[PDB]
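J.: Chains S and U are the protein sequences, given in the same order. Each residue of the first sequence is one higher than the last, beginning at 7 in the working numbering. Each residue of the second sequence is one higher than the last, beginning at 39 in the working numbering.
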Amino acid sequence: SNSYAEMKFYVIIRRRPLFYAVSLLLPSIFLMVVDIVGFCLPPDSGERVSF
Amino acid sequence: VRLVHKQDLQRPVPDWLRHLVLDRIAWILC
């Protein structure tokens with residue numbers, strides 16, 4: 007005995023994976039290659055551990 | 039720092055001894 011009218015609007019939005027790209031993957035690979043540089047340090051030095 | 043260290047191994051190769059301690063030394067001195 008009581009019916010109401012609905013008009014739905016589905017707004018569909020997609021994110022732009024650019025601002026979150028650099029801010030995420032770049033520092034990770036940076037510290038990664040810095041660690042790779044860190045392997046070149048001889049175990050005898052001792053500064054490798056602190057590295 | 040990998041180059042200069044006491045690891046009780048090896049000897050300086052003459053081929054790269056002349057290239058660095060002789061030639062590059064004169065090149066750097068000037």
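Every residue, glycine too, gets a C-beta built ideally from N, C-alpha and C.
Taking Cβ positions, are residue 51 of chain U and residue 48 of chain S nearer each other than 9 Å?
T.: Cβ distance not < 9 Å, so residue 51 of chain U and residue 48 of chain S don't count as in contact.
J.: Consider the Cβ of residue 45 of chain U: report whether some Cβ of chain S lies at a distance smaller than 9 Å.
T.: By this cut-off, residue 45 of chain U is an interface position.
J.: I'd like to know whether the C-beta atoms of residue 57 of chain U and residue 51 of chain S end up nearer to each other than 9 Å.
T.: For residue 57 of chain U and residue 51 of chain S, no; Cβs fall outside 9 Å.
J.: Taking the alpha-carbon positions, what's the residue 45 of chain S to residue 15 of chain S distance?
T.: For residue 45 of chain S and residue 15 of chain S, the distance between alpha carbons rounds to 57 Å.
J.: Residues of chain S with CB under 9 Å from residue 42 of chain U, in chain order?
T.: Result: empty, since nearest Cβ-Cβ is about 11 Å, beyond 9 Å.
J.: Using a Cβ cut-off of 9 Å, pull out every chain U residue sitting near residue 51 of chain S, in sequence order please.
T.: Neighbours of residue 51 of chain S on chain U, chain order: 39, 40 and 43.
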